[PDB]
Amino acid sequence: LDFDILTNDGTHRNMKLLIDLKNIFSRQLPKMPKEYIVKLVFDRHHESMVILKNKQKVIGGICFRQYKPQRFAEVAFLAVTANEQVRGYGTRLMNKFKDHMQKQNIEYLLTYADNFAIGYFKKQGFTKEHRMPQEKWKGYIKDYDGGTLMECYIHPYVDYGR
């Protein structure tokens, strides 16, 4: 059970892993246009950390986009394949993700949430109240009135993950 950064380098191996992950995302996020998931997942700004089982099978992952200069990242998609849910994989992925972001010198994680997802992210350390200056993401992250923008502060020396 590895949590690796999946690079989109145009190779058969990684492309197959990204597609498998994109398919997990669509199946688990039905309200999302499948072609939209494909666009972000393979674009020049996004990255994916996957949960690899037996170093070959993808069972989940998280797609994100770093805004390095500003020191914050946005979570695009997060999911675990149905038959592997409720086994703690998703929580371990998020902890691994926070650790990696800490090492990438990222100070804040931002994510839009709706309905259940709001409560889900609160348990993962995200809050509705932001401590990060609004004008920092404004102009970089689209501002939708219909969603709840949540943020997780990543302290330079708090130990995330296990």
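One rule holds for the numbers: they count along the sequence shown, beginning at 1. Basically, rigid core = biggest C-alpha set you can superpose within 1.5 Å across the two forms.
Chemist: Between 116 to 124 and 103 to 111, which one strays more from this form in 6 other deposited structures of this protein if you match the rigid core and compare Cα atoms?
Modeler: Once the core is superposed, the stretch further away in 6 other deposited structures of this protein is 116 to 124.
Chemist: Out of 25 to 33 and 128 to 136, which stretch has the higher average CA B-factor listed in the record?
Modeler: Per the PDB record, 128 to 136.
Chemist: Compare the mean C-alpha B-factor of 113 to 121 with that of 53 to 61 as given in the PDB entry, and name the stretch with the higher value.
Modeler: Per the deposited B-factors, the answer is 53 to 61.
Chemist: Quiz for you: based on the deposited Cα B-factor, which of 68, 98, 46, 39 is highest?
Modeler: Within the set 68, 98, 46, 39, 68 shows the top C-alpha B-factor.
Chemist: Would you mind checking where the Cα B-factor of residue 152 ranks among the modelled residues of its chain, as the lowest, middle or highest third?
Modeler: Tercile = lowest for this residue's CA B-factor.
Chemist: Looking at the temperature factor on the CA atom of residue 17, which third of the chain's modelled residues does it land in?
Modeler: Middle third by C-alpha B-factor.
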